[PDB]
Amino acid sequence: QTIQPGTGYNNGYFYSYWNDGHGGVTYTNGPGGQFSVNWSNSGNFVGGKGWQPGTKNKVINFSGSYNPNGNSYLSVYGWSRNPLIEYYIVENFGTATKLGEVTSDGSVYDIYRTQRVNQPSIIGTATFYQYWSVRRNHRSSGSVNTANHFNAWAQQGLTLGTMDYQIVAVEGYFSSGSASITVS
C-alpha cells in the first residue's frame, strides 16, 4: 500500500521509508519484495525493501525500472552499529576520499569514504562515516554479492560493525523521478 514514512514489515520483507518533510513523494509497498516510488520535486528521501538485520554475506537480487530526473541513487543501502556506518553499494544514479576499486558482479566499483557531521541516523543526530561502492556500469537489475564490497572495504581499513537494516533503496534529493523495484 501507499504508506507514510516509517519502518515495518510487508509480505516477508523489512521496509524503510524516510524523508525530510519536503513534499512530493509517493512510496508504495507491493507484493513480495516489490516497492514503487514516484516523486515530484521532493526534498531528500530514502525508501526500499530488504532485511532487518542484514548480513555480511547476503547475495541481493533486484530488478526494475529506475528513471530519475536529477539527484538520485539506486543502491544496496544499510547501516551498522559500533561502529555507526551508513553504507551504499550504488548500482545506478541520476545526475569524498577515494580508497580503491573493486571488481564485482560484472563491473568495476569505485570505493569512497565520507563523513557525515551532526546528521540524522538510526540512533538520532550523530557524526558517522559513510562507505561507498559506486558502480561504473550503471544498471537497474542484477545481483549484488555484498561480501565482495564488505571485504574490499575492510582491506582498505573500512570496518563495519553489527549489521542493522539492509535494503535496496531508491533515494532522491531535490529532484523528480519514478521507480519500481523488486528485491529478493
# chains A, B, ... in the order shown; residues from 1 in each chain; ligands from 1

$ residues_around --residues "residue A:85" --least-positions-apart "3" --cutoff "6 Å" --atoms "only C-alpha atoms" --output "number ranges by chain"
A: 79-80, 129-130

$ closest_atom_pairs --of "stretch 126-177 of chain A" --to "stretch 29-46 of chain A" --cutoff "8 Å" --atoms "only C-alpha atoms" --output "tab-separated table"
residue	atom	partner	partner_atom	distance
A:169	CA	A:46	CA	6.3
A:170	CA	A:46	CA	5.8
A:171	CA	A:46	CA	4.3
A:172	CA	A:45	CA	5.5
A:173	CA	A:44	CA	4.3
A:174	CA	A:43	CA	4.6
A:175	CA	A:41	CA	4.9
A:176	CA	A:40	CA	4.5
A:177	CA	A:39	CA	5.5

$ atom_distance --atom1 "atom CA of residue A:105" --atom2 "atom CA of residue A:144"
6.4 Å

$ atom_distance --atom1 "atom CA of residue A:59" --atom2 "atom CA of residue A:143"
6.7 Å

$ closest_residue --among "A:137, A:125, A:180, A:55" --to "residue A:164" --atoms "only C-alpha atoms"
A:55

$ closest_residue --among "A:8, A:93, A:147, A:47" --to "residue A:70" --atoms "only C-alpha atoms"
A:93

$ select_by_dssp --residues "stretch 8-169 of chain A" --states "helix (DSSP H, G or I)" --output "MDAnalysis selection string"
chainID A and resid 146:155

$ write_last_selection --atoms "C-alpha atoms" --output "mmCIF file, in the first residue's frame"
data_model
loop_
_atom_site.group_PDB
_atom_site.id
_atom_site.type_symbol
_atom_site.label_atom_id
_atom_site.label_comp_id
_atom_site.auth_asym_id
_atom_site.auth_seq_id
_atom_site.Cartn_x
_atom_site.Cartn_y
_atom_site.Cartn_z
ATOM 1 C CA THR A 146 27.610 -7.762 -0.685
ATOM 2 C CA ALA A 147 30.545 -9.750 0.720
ATOM 3 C CA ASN A 148 32.669 -8.599 -2.236
ATOM 4 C CA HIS A 149 32.170 -4.982 -1.170
ATOM 5 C CA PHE A 150 32.377 -5.522 2.600
ATOM 6 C CA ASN A 151 35.645 -7.441 2.217
ATOM 7 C CA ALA A 152 37.053 -4.849 -0.191
ATOM 8 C CA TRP A 153 36.143 -2.082 2.263
ATOM 9 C CA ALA A 154 37.847 -3.943 5.126
ATOM 10 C CA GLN A 155 41.006 -4.376 3.042
#

$ closest_residue --among "A:26, A:95, A:114, A:52" --to "residue A:10" --atoms "only C-alpha atoms"
A:52

$ select_by_dssp --residues "chain A" --states "strand (DSSP E)" --output "PyMOL selection string"
chain A and resi 2-3+6-10+13-19+25-29+34-39+44-51+59-69+72-81+85-93+97-104+107-119+126-135+141-145+162-173+176-183

$ closest_residue --among "A:178, A:16, A:115, A:69" --to "residue A:48" --atoms "only C-alpha atoms"
A:16
